[PDB]
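Structure first, commentary second.
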Amino acid sequence: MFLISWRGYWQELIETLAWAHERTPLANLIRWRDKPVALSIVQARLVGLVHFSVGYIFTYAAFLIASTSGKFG
Amino acid sequence: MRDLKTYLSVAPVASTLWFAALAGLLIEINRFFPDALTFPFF
Amino acid sequence: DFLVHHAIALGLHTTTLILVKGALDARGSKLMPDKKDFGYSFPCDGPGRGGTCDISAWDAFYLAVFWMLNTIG
Amino acid sequence: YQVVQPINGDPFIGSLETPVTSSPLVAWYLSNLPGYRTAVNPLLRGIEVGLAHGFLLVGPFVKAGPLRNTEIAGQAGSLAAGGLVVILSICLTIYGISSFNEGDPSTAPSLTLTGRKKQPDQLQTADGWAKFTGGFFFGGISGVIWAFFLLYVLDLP
Amino acid sequence: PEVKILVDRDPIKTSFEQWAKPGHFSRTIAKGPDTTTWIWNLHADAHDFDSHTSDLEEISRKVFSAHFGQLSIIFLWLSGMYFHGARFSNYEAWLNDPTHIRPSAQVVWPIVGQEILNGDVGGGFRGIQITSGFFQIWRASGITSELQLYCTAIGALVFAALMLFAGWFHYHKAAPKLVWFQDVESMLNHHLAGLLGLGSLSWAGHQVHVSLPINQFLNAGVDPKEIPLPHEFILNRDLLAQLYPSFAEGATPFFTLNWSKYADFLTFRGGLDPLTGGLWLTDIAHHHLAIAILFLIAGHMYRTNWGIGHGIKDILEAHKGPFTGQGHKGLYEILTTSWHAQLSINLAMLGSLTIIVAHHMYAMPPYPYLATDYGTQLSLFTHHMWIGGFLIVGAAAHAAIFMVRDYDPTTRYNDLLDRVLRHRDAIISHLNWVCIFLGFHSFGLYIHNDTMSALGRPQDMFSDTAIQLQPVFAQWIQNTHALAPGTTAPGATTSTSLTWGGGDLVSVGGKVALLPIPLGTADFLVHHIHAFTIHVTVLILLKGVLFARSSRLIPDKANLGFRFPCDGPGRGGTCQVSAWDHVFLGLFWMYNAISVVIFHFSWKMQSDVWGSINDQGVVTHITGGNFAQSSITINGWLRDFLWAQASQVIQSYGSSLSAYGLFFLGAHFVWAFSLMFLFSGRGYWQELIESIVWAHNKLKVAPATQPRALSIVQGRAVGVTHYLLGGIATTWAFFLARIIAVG
Amino acid sequence: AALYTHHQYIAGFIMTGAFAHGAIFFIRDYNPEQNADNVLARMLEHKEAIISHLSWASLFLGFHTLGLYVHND
Amino acid sequence: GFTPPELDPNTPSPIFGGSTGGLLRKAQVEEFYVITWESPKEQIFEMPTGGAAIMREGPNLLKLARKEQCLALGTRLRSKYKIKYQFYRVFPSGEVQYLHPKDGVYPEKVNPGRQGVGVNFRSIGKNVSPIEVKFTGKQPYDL
Amino acid sequence: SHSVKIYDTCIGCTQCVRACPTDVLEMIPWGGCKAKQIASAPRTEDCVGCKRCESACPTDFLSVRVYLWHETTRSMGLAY
Ligand code: CLA
Ligand code: CLA
Ligand code: CLA
Ligand code: CLA
Ligand code: CLA
Ligand SMILES: CC1=C(/C=C/C(C)=C/C=C/C(C)=C/C=C/C=C(C)/C=C/C=C(C)/C=C/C2=C(C)CCCC2(C)C)C(C)(C)CCC1
Ligand SMILES: CC1=C(C/C=C(\C)CCC[C@H](C)CCC[C@H](C)CCCC(C)C)C(=O)c2ccccc2C1=O
Ligand SMILES: CC1=C(C/C=C(\C)CCC[C@H](C)CCC[C@H](C)CCCC(C)C)C(=O)c2ccccc2C1=O
Ligand code: SF4
Ligand code: SF4
Ligand code: SF4
């Protein structure tokens, strides 16, 4: 998702969410102190790479150990 | 006529005719000499 | 084992290719002759001149990690 | 004749007036919820919000928790609701610490929908929010205790 | 004001001069290529007619001839199908033993060992088993000999010639006028009554004269060669009366209104014929007659030249309320000016119709021996689902195109569209929240069940045996359907479909055809997953459409076009803001939805319906009813569905199904190949091509057409195209291998 | 199996980082005048030769290794 | 010498029913913008925030949330119609800041009263290597 | 805010100022080129970083350069 989909789509989506919060009663009593924005382009590449690598390592580590220790041989 | 021949010389049509002739030749070669993992004539 | 070792050679060569092209084109290229002024990690240089997505050396690293994971895989 | 009109007659403010937004039933009901009683001590408004939410939270935790079918201890699942009130009272507390400072005035609007000047709600003040968190916590744990206090002659106990 | 025929003579000369000039239609492309990007643009703008010119008449004539060319190609395709059924098929052998013979219509040449794909299909035939279902259609129509398929192929070839000639004619010779295209009332009248009405009537006429009698003789076991020819039922009516007695009257009850006599071959019995497994052909003929009458009537709503009738403009303008202002006023001018608006509407409706076809053809098998050809049924369902999904994504794309190019409030205004634009923010925010809620309350349940089953807590899962989430509404609906015949449907003899009515299990040739479908917690979870995926696809596409012109981030997005990469790294980053990229992402999400849909279909049919029936009535399904317990878990979908049913495709080497084993891996390859494009950007690739160009120029072998990496939009287009191709072809190979082996 | 997999992925990441910091050196620390016409500047001087041949070797290995695997398939 | 026109409140605003793309809390506590134009007649124009509005005859005032929305609307006012336009910035204090056209002349037309800002007097490739500005707050292009 | 710089390779075609969507560029008189005018960036506080000006520069290499710097509310394009 972070590697295929890129930023501008999510920025416009966050804008439509900021309007939603300011116009919703009760919740508009809570104000964010940092403006919501979409992740940076470089940040998106990094976050997508980290998810890719973590899934890579964890998927293979699970299969490796379970297929080997399940038989132990 | 000259425009028709100029169309036949465009890249996709020339590629199809050239690759069709090439595909047919390799098919007949593997038809008269099927399999062959080596160069047997030495 | 002969076929797998050549896949290994493919993985080493391509991962080396990505990292070396990024390291040598990090200070500049025909597309962006002043890349050294923009630093190591920046998003891009805009849609002008045809499009310059993933043109920094950081992006070269980011592309090479996929090939590293594929090679070690 | 049309139903949808601009927000308070101004078309260039990002909103609209609809039966969901501007209607006598909706306007009165929201104006009578404790969070929108802009002239009441926030401690009491917190008590009401805490009592309502602490009372509501007991149901799901008891009927859906892990000990739900072990009736020996499932009724005590209100502790989970009470723990969430504790956690939420922390979320409420840490919110005001960052939002409002000690000497800062109120950030609430000091106007009315009709233009007349108004006294801002003290909820958007440091001490006002502190009273609301304290009220929400006191009413919260009281709502959980009072909900668990009842148990019998109900179709879903 | 008077509808009439209007054409121009010889508007465009027929010559090969413009054949030899690539990119003649565009003014920038016609100069030839300076770089390689030209070569791609020539194909990307090949069918963008409204960007080649601004004259609506030229555009309409081009579109007309393109339709004729498409019809020519479809007729050529049908000619090929019928000709392969006649020349390289075992249809005559499948006609004598439809329950044992595998339908096949393609035989490969023996060149490089591919003759192994010519597998034993029965009837003394070595070929490729077909799942298109043409055998069932040709049997339902009454075709018996290869000669009739030959004649149908020849007729289809002649019709392809006719369509090609008409396409040339209505562009180079008598080319119609703009007002001719814009006579919408006349066109809808002729399409409702002339096209659909008379078409249904013609097919009902064939079915009552050829399909019904020949199929009676086929059901009775008469040898197809010993069956009388169809036209012999049109000469000697004794032959038609010996099968259906009412034909002895001779159209007299029709004119005297004694239609109750025709209940012999025009019935309302419903269900399935237990001998073939398809719907009763008498019911289908009666259906086509009713459809013909209804459409012949409906083709009279719109006024033309004789005063009587409606004008769509008045009907639109008259529909305005207190919530929508002067709604519908202006829509008649929009839909008679913009081709893209009509295309969006028709793509949406045709895709949804294809999906409805996919459902209705599995739940009510229309053709004989279709319900038991599990390969054909699975393939038809999946194919129609994919067609519909793609067409709906295209509807979204063309709606956005209309927004960017044909929308203008100063000339052709509409109040409804303006009101929608004035709260796009609320619409998109609410759809966003609905999507989040559905994602948590469907897939989150699957994660809950996985984590409870892994922790040794099978009673804390959401299951038919633990925390139950029964689809009470759908169960009550199918029950109400079951009890309808004889109550809220007295004319109906059995249930509408077999999935409704309790009992009444129809089986053909030792295999089951249909039975009541169970609905439990698994069905509930999967239906909510489907709703969620549909909602997210709708969110992506509709958000792209509504924000095509302007947004808080880019207030002049319409000037950038419909298809542009970005608007710079600024504003934090503006990648994929164009509506084109919204269609690009909606493609992935439509894939993600349709794949789960078809996997649901496959597992449900292989678990709770399809199987083998005993002589005593013991039905064992292809999988042992494992849908209730295994499909409520992601690990169950991984293990009891993928890992178990992919065996056939990973074991097909050395058999006639090895081609599916090759396509499996090839589609894996192209799917992963797309990830290079989807994860990268063209700047790196251009910098690589720079050094490659150095290497070429060193040896005096650099091309004049300067190589350039793909454009950003082209990068995404290639990425999504390869991603879709790989995924769909992988599922195609897997499905076909599995269902042809275990079917 | 766990130990060999662990160290090979560790080494793969370390190699990507080695080339990453090589590019970071070229941008942040490389002084072209103080490295005038030595081996380091000459690497930049024929960057196209190094990158093109790395590309040829990756193409050669990739074309043939894949082709042989597909042939046997 | 040029004198910027002061912002006159109570100036008519175009006819519009309202949209969700209007002002937010940013206008209340941060800043907002106001574009003004003359126009010859009552027309319809597409809003940079939502749908369509009716441009009133005579002086028009329109308040937006971003500066880019003002210049985009102004550019269309100058292209489709033939209308001159100005726009300002408004802080929550009530202060107004004149923005564009700054000189009263459009920025694409050279004007003699303008001073250079950020103009480097060398080829772009004549910037220095980053090592020569290391440990300093400088950049190779600020010079 | 983002930094924008103009180099003396500018020919004075006024294209960066026309493409700018937030009125950051200006055309000032100069004596270096034929059109007697060069570009300047006096209002980079409104610059969003779209690099639409660089896409329109005919100089090789560019004469407008947009160096993306410290993000602000104005540079991020926020209407909220
Ligand atoms: C299965 C997925 C996949 C595949 C097949 C490739 C393949 C390739 N990558 Mg790649 N990559 C991938 C994923 C993939 N990548 C991903 C996910 C990333 C992260 C973004 C990258 C990032 C990446 C980078 C940064 C680079 C590459 C490079 C390369 C090329 C290396 C040269 C080579 O080995 O010779 C060829 C190997 C092949 C596999 C080619 C196979 C296709 C053959 C030619 C089919 C023959 C055509 C045949 C007639 C079919 C007819 C088709 C018909 C429709 C016309 C190669 C074509 C490097 C490069 O460009 O090399 C110079 C490069 O620098 N890749
Ligand atoms: C009873 C009259 C009639 C009939 C049968 C049709 C039939 C058809 N029209 Mg059509 N149309 C009609 C009247 C009719 N139209 C009128 C009055 C108008 C307004 C003036 C239009 C304007 C119109 C447009 C703009 C388009 C169509 C199109 C189509 C085709 C739609 C594709 C399809 O359904 O595939 C089904 C295929 C078949 C049913 C095969 C049967 C085709 C037969 C041989 C055609 C005979 C009908 C024809 C009108 C008779 C005159 C031809 C004669 C002079 C030789 C279809 C064949 C589309 C098209 O051009 O497709 C190419 C399209 O773009 N029509
Ligand atoms: C009746 C249906 C229909 C019609 C008439 C059109 C018509 C049009 N579309 Mg559209 N579209 C449709 C359906 C339709 N579309 C659907 C269902 C989708 C969803 C996928 C889209 C999504 C879409 C997009 C995103 C775009 C268009 C665009 C266009 C315009 C330019 C088309 C062009 O020249 O592209 C040229 C065609 C090609 C370059 C061929 C591409 C090759 C395909 C994609 C892959 C081939 C794979 C093949 C199926 C199987 C593999 C075989 C292979 C191995 C050999 C044109 C007026 C473009 C436009 O500019 O709008 C104005 C635009 O960008 N369409
Ligand atoms: C497996 C990969 C993956 C996942 C998990 C998602 C997930 C999501 N996508 Mg996405 N997407 C993907 C791939 C993926 N996508 C790819 C490859 C693309 C490129 C085509 C896209 C393109 C895309 C678009 C264009 C959009 C989304 C949207 C969404 C969101 C829909 C709302 C929702 O379902 O809420 C529910 C959340 C989930 C289903 C995620 C799992 C949540 C688990 C079950 C709950 C666990 C909570 C737990 C307590 C965590 C606490 C632990 C703590 C200790 C840290 C959702 C979060 C849409 C959106 O923005 O939302 C409206 C949208 O617009 N996606
Ligand atoms: C006359 C055509 C031609 C010639 C002489 C060369 C020559 C060369 N190329 Mg090359 N190349 C070509 C076309 C050609 N290329 C085309 C069309 C493409 C686009 C697919 C490429 C893409 C390409 C890449 C990516 C690379 C090279 C590289 C190289 C060099 C190393 C050898 C090699 O890897 O070749 C391999 C050849 C291919 C991968 C594709 C060749 C396709 C056919 C066989 C060539 C075209 C023939 C032409 C259509 C015939 C015209 C007929 C005419 C009489 C009418 C070498 C000097 C490598 C390099 O940089 O050197 C270190 C390298 O990385 N080429
Ligand atoms: C003794 C012996 C032998 C021999 C061996 C040899 C001959 C060796 C070697 C070796 C080698 C030879 C190795 C290596 C490796 C390497 C590598 C791995 C590399 C690297 C590099 C890099 C990574 C770079 C970085 C950078 C850049 C990029 C730029 C800037 C600068 C720098 C440097 C930072 C034999 C086996 C025969 C036998 C047994 C005994
Ligand atoms: C979903 C998505 C977003 C939206 C994502 C956002 C706004 C991030 C939201 C994160 C929330 C707060 C939850 C994150 C939870 C983390 C697990 C918490 C980690 C925090 C610390 C442990 C570091 C983008 O901004 C984007 C940008 C460019 C390309 C692709 C995408 C993209 O795919
Ligand atoms: C690999 C890749 C490329 C490079 C891809 C290219 C250059 C595709 C073109 C390759 C073909 C093979 C060149 C066409 C060759 C001609 C058909 C002539 C060949 C001669 C005969 C063999 C026909 C991009 O341009 C790109 C752009 C944006 C995001 C990602 C990527 C991306 O991942
Ligand atoms: S699409 Fe490419 S050029 Fe445009 S902002 Fe994204 S990475 Fe940069
Ligand atoms: S990057 Fe965009 S906003 Fe900034 S100066 Fe250039 S054109 Fe203007
Ligand atoms: S676009 Fe470049 S050459 Fe033209 S005026 Fe601006 S800086 Fe000068």
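Residue names in the structure tokens use chain letters A, B, ... in the order shown, residue numbers from 1 in each chain, and ligand numbers from 1 in the order shown.
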message: Any residue with an atom at most 6 Å from ligand 10 counts, using only C-alpha atoms and all ligand atoms. Which are they? Put them as a ChimeraX atom specification.
response: /H:19-22,24-25,47-53,66
Just-selected residues, C-alpha atoms written as a JSON list (two decimals), in the first residue's frame:
```json
[["chain", "number", "residue", "atom", "x", "y", "z"],
["H", 19, "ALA", "CA", 3.31, 28.97, -14.43],
["H", 20, "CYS", "CA", 3.65, 29.91, -10.75],
["H", 21, "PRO", "CA", 0.33, 29.20, -8.97],
["H", 22, "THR", "CA", 1.01, 31.29, -5.82],
["H", 24, "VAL", "CA", 6.19, 33.93, -6.02],
["H", 25, "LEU", "CA", 8.18, 34.94, -9.12],
["H", 47, "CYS", "CA", 5.92, 29.04, -2.44],
["H", 48, "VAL", "CA", 4.37, 25.57, -2.37],
["H", 49, "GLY", "CA", 7.17, 23.68, -4.15],
["H", 50, "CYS", "CA", 5.18, 22.45, -7.16],
["H", 51, "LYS", "CA", 8.22, 23.05, -9.43],
["H", 52, "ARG", "CA", 5.79, 24.10, -12.15],
["H", 53, "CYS", "CA", 8.26, 26.91, -12.90],
["H", 66, "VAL", "CA", 13.39, 25.27, -6.16]]
```
Restrict the calculation to only C-alpha atoms, then for each residue of chain F with any atom at most 12 Å from an atom of chain G give the closest atom pair and their distance in Å to one decimal, rows by chain and rising residue number, as CSV.
```
residue,atom,partner,partner_atom,distance
F:24,CA,G:130,CA,11.2
F:25,CA,G:131,CA,9.8
F:26,CA,G:131,CA,9.6
F:27,CA,G:130,CA,6.9
F:28,CA,G:131,CA,5.7
F:29,CA,G:131,CA,5.1
F:30,CA,G:131,CA,6.8
F:31,CA,G:131,CA,6.6
F:32,CA,G:129,CA,8.2
F:33,CA,G:129,CA,10.1
F:34,CA,G:131,CA,11.4
```
File dump, residues just selected, N, CA and C atoms, as an mmCIF file, in the first residue's frame:
```cif
data_model
loop_
_atom_site.group_PDB
_atom_site.id
_atom_site.type_symbol
_atom_site.label_atom_id
_atom_site.label_comp_id
_atom_site.auth_asym_id
_atom_site.auth_seq_id
_atom_site.Cartn_x
_atom_site.Cartn_y
_atom_site.Cartn_z
ATOM 1 N N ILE F 24 26.597 8.388 0.316
ATOM 2 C CA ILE F 24 26.528 9.517 1.238
ATOM 3 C C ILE F 24 27.877 10.216 1.333
ATOM 4 N N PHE F 25 28.973 9.459 1.247
ATOM 5 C CA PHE F 25 30.295 10.079 1.235
ATOM 6 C C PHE F 25 30.488 10.944 -0.004
ATOM 7 N N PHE F 26 30.079 10.442 -1.173
ATOM 8 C CA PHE F 26 30.267 11.192 -2.412
ATOM 9 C C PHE F 26 29.523 12.520 -2.388
ATOM 10 N N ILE F 27 28.378 12.574 -1.705
ATOM 11 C CA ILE F 27 27.585 13.797 -1.660
ATOM 12 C C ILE F 27 28.092 14.737 -0.570
ATOM 13 N N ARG F 28 28.292 14.220 0.645
ATOM 14 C CA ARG F 28 28.552 15.083 1.793
ATOM 15 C C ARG F 28 30.027 15.407 2.006
ATOM 16 N N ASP F 29 30.947 14.520 1.617
ATOM 17 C CA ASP F 29 32.347 14.677 1.990
ATOM 18 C C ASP F 29 33.333 14.712 0.830
ATOM 19 N N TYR F 30 32.945 14.293 -0.372
ATOM 20 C CA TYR F 30 33.912 14.177 -1.459
ATOM 21 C C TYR F 30 34.296 15.554 -1.991
ATOM 22 N N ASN F 31 35.590 15.872 -1.924
ATOM 23 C CA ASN F 31 36.118 17.102 -2.494
ATOM 24 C C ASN F 31 36.802 16.772 -3.812
ATOM 25 N N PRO F 32 36.272 17.216 -4.955
ATOM 26 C CA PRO F 32 36.848 16.785 -6.240
ATOM 27 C C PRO F 32 38.249 17.313 -6.494
ATOM 28 N N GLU F 33 38.597 18.485 -5.960
ATOM 29 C CA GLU F 33 39.906 19.063 -6.243
ATOM 30 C C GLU F 33 41.008 18.375 -5.445
ATOM 31 N N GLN F 34 40.723 17.996 -4.199
ATOM 32 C CA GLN F 34 41.692 17.283 -3.378
ATOM 33 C C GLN F 34 41.843 15.822 -3.780
#
```
message: Just want the residues within 9 Å of ligand 6, written as a VMD selection string, counting only C-alpha atoms and all ligand atoms.
response: (chain C and resid 16 19 to 20 22 to 24) or (chain F and resid 15 to 26 30 40 43)
Keeping C-alpha atoms, export the residues of the selection given above as a compact mmCIF listing (two decimals), in the first residue's frame.
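And here's again.txt as it stands now:
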```
# COMPACT_ATOMS: atom_id res chain seq x y z
CA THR C 16 25.53 -4.31 -7.03
CA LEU C 19 23.85 0.44 -5.51
CA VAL C 20 26.77 1.40 -7.76
CA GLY C 22 23.11 5.22 -7.35
CA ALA C 23 26.46 5.89 -5.69
CA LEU C 24 28.13 7.12 -8.88
CA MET F 15 26.15 -4.76 2.31
CA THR F 16 23.30 -2.46 1.27
CA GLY F 17 24.38 -0.07 4.02
CA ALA F 18 28.01 -0.18 2.90
CA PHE F 19 27.04 1.10 -0.55
CA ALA F 20 24.50 3.52 0.91
CA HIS F 21 27.18 5.26 2.98
CA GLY F 22 29.49 5.16 -0.04
CA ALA F 23 26.97 7.34 -1.86
CA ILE F 24 26.53 9.52 1.24
CA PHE F 25 30.29 10.08 1.24
CA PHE F 26 30.27 11.19 -2.41
CA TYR F 30 33.91 14.18 -1.46
CA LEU F 40 38.62 7.79 -6.67
CA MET F 43 35.69 6.04 -10.86
```
- request: Residues of chain C near chain F: apply a cut-off of 8 Å, count only C-alpha atoms, and supply the list as a ChimeraX atom specification.
  value: /C:3,6-7,9-10,13-14,16-17,19-27,36,39-40,57-58,61,64-65,68-69,72
Since we have the selection now, will you write its residues out, keeping C-alpha atoms, as an mmCIF file, in the first residue's frame?
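The result, stored in part30.cif:
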```cif
data_model
loop_
_atom_site.group_PDB
_atom_site.id
_atom_site.type_symbol
_atom_site.label_atom_id
_atom_site.label_comp_id
_atom_site.auth_asym_id
_atom_site.auth_seq_id
_atom_site.Cartn_x
_atom_site.Cartn_y
_atom_site.Cartn_z
ATOM 1 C CA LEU C 3 21.433 -23.093 -11.864
ATOM 2 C CA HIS C 6 23.832 -18.416 -11.382
ATOM 3 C CA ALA C 7 20.647 -17.010 -9.878
ATOM 4 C CA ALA C 9 25.250 -14.325 -9.489
ATOM 5 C CA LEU C 10 22.231 -12.549 -10.977
ATOM 6 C CA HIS C 13 25.245 -8.451 -9.918
ATOM 7 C CA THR C 14 21.897 -6.656 -10.062
ATOM 8 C CA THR C 16 25.532 -4.314 -7.027
ATOM 9 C CA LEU C 17 24.328 -2.590 -10.208
ATOM 10 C CA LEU C 19 23.845 0.436 -5.509
ATOM 11 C CA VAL C 20 26.768 1.395 -7.760
ATOM 12 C CA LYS C 21 24.647 3.333 -10.266
ATOM 13 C CA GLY C 22 23.115 5.225 -7.354
ATOM 14 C CA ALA C 23 26.462 5.890 -5.687
ATOM 15 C CA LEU C 24 28.133 7.118 -8.885
ATOM 16 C CA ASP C 25 25.129 9.154 -10.092
ATOM 17 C CA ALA C 26 24.608 10.600 -6.597
ATOM 18 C CA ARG C 27 26.428 13.878 -7.284
ATOM 19 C CA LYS C 36 24.625 17.033 -5.031
ATOM 20 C CA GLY C 39 21.313 16.151 -0.722
ATOM 21 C CA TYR C 40 21.110 12.392 -0.356
ATOM 22 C CA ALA C 57 20.684 7.916 -4.277
ATOM 23 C CA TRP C 58 18.467 7.150 -1.275
ATOM 24 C CA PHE C 61 19.308 2.144 -1.872
ATOM 25 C CA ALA C 64 18.402 -2.291 -3.957
ATOM 26 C CA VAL C 65 16.938 -3.590 -0.683
ATOM 27 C CA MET C 68 18.952 -7.787 -1.530
ATOM 28 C CA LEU C 69 15.949 -9.537 0.021
ATOM 29 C CA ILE C 72 19.221 -13.610 0.183
#
```
Could you name the residues that touch segment 69-84 of chain G at 10 Å or less, counting only C-alpha atoms, but leaving out those on the same chain fewer than 5 positions away, as a CSV table (one decimal) with C-alpha atoms, in the first residue's frame?
```csv
chain,number,residue,atom,x,y,z
E,550,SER,CA,-10.6,21.0,-7.8
E,551,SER,CA,-9.6,20.3,-4.2
E,552,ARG,CA,-8.2,22.2,-1.3
E,553,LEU,CA,-4.7,20.9,-2.3
E,554,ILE,CA,-5.0,21.8,-6.0
E,555,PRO,CA,-7.8,24.3,-6.8
E,556,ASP,CA,-7.0,24.1,-10.6
G,33,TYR,CA,-7.6,35.4,2.0
G,34,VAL,CA,-10.0,37.7,0.1
G,35,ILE,CA,-10.1,38.3,-3.6
G,36,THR,CA,-11.9,41.3,-5.2
G,37,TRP,CA,-12.9,42.0,-8.8
G,38,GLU,CA,-15.2,44.3,-10.8
G,39,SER,CA,-17.0,42.3,-13.5
G,40,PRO,CA,-19.4,43.8,-16.1
G,43,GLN,CA,-22.4,35.6,-14.8
G,45,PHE,CA,-18.3,31.0,-12.7
G,46,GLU,CA,-16.9,27.8,-11.4
G,47,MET,CA,-15.8,28.1,-7.8
G,48,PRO,CA,-12.2,26.9,-6.9
G,49,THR,CA,-13.7,25.2,-3.8
G,62,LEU,CA,-14.9,36.6,-2.2
G,63,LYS,CA,-13.2,35.1,0.9
G,64,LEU,CA,-11.1,31.9,0.5
G,100,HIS,CA,-1.1,40.5,-5.9
G,101,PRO,CA,-0.8,42.4,-8.2
H,18,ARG,CA,3.3,32.6,-15.7
H,20,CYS,CA,3.7,29.9,-10.7
H,21,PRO,CA,0.3,29.2,-9.0
H,22,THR,CA,1.0,31.3,-5.8
H,23,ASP,CA,2.7,34.4,-7.3
H,79,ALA,CA,-6.6,25.0,3.8
```
task: Extract, using only C-alpha atoms, all DNA, RNA and protein residues at most 10 Å from segment 394-398 of chain E, discarding same-chain residues fewer than 3 positions from it, and format them as an MDAnalysis selection string.
output: chainID E and resid 339:351 388:391 401:404 538 540:545 562 579:584 586:587
Write a file of the selected residues as a PDB file, in the first residue's frame, keeping C-alpha atoms.
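Saved file out28.pdb follows:
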```pdb
ATOM      1  CA  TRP E 339     -20.105  10.740 -25.189  1.00  0.00           C
ATOM      2  CA  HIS E 340     -18.167  10.052 -21.981  1.00  0.00           C
ATOM      3  CA  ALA E 341     -21.260  10.554 -19.807  1.00  0.00           C
ATOM      4  CA  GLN E 342     -23.258   8.003 -21.802  1.00  0.00           C
ATOM      5  CA  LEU E 343     -20.240   5.690 -21.706  1.00  0.00           C
ATOM      6  CA  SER E 344     -19.967   5.962 -17.917  1.00  0.00           C
ATOM      7  CA  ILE E 345     -23.674   5.212 -17.445  1.00  0.00           C
ATOM      8  CA  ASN E 346     -23.690   2.296 -19.881  1.00  0.00           C
ATOM      9  CA  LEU E 347     -20.442   0.777 -18.585  1.00  0.00           C
ATOM     10  CA  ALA E 348     -21.765   0.860 -15.019  1.00  0.00           C
ATOM     11  CA  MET E 349     -25.076  -0.716 -15.994  1.00  0.00           C
ATOM     12  CA  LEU E 350     -23.591  -3.321 -18.353  1.00  0.00           C
ATOM     13  CA  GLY E 351     -20.988  -4.400 -15.799  1.00  0.00           C
ATOM     14  CA  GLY E 388     -18.519  -6.766 -14.842  1.00  0.00           C
ATOM     15  CA  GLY E 389     -15.860  -5.496 -12.456  1.00  0.00           C
ATOM     16  CA  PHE E 390     -13.694  -4.125 -15.252  1.00  0.00           C
ATOM     17  CA  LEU E 391     -16.687  -2.457 -16.921  1.00  0.00           C
ATOM     18  CA  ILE E 401     -13.311  12.119 -18.025  1.00  0.00           C
ATOM     19  CA  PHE E 402     -16.678  13.829 -18.507  1.00  0.00           C
ATOM     20  CA  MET E 403     -16.072  15.854 -15.345  1.00  0.00           C
ATOM     21  CA  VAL E 404     -12.716  17.084 -16.633  1.00  0.00           C
ATOM     22  CA  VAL E 538     -16.593   2.772  -4.732  1.00  0.00           C
ATOM     23  CA  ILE E 540     -11.654   5.270  -4.505  1.00  0.00           C
ATOM     24  CA  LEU E 541     -13.479   5.687  -7.812  1.00  0.00           C
ATOM     25  CA  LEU E 542     -16.138   8.173  -6.659  1.00  0.00           C
ATOM     26  CA  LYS E 543     -13.579  10.253  -4.751  1.00  0.00           C
ATOM     27  CA  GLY E 544     -11.550  10.426  -7.947  1.00  0.00           C
ATOM     28  CA  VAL E 545     -14.609  11.529  -9.912  1.00  0.00           C
ATOM     29  CA  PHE E 562      -7.653  14.030 -16.720  1.00  0.00           C
ATOM     30  CA  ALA E 579      -8.571  11.009 -11.644  1.00  0.00           C
ATOM     31  CA  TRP E 580      -6.643   8.616 -13.893  1.00  0.00           C
ATOM     32  CA  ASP E 581      -4.578   7.464 -10.912  1.00  0.00           C
ATOM     33  CA  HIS E 582      -7.813   7.014  -8.969  1.00  0.00           C
ATOM     34  CA  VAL E 583      -8.974   4.614 -11.686  1.00  0.00           C
ATOM     35  CA  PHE E 584      -5.489   3.081 -11.467  1.00  0.00           C
ATOM     36  CA  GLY E 586      -9.605   1.314  -8.209  1.00  0.00           C
ATOM     37  CA  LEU E 587      -8.333  -1.356 -10.589  1.00  0.00           C
TER      38      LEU E 587
END
```
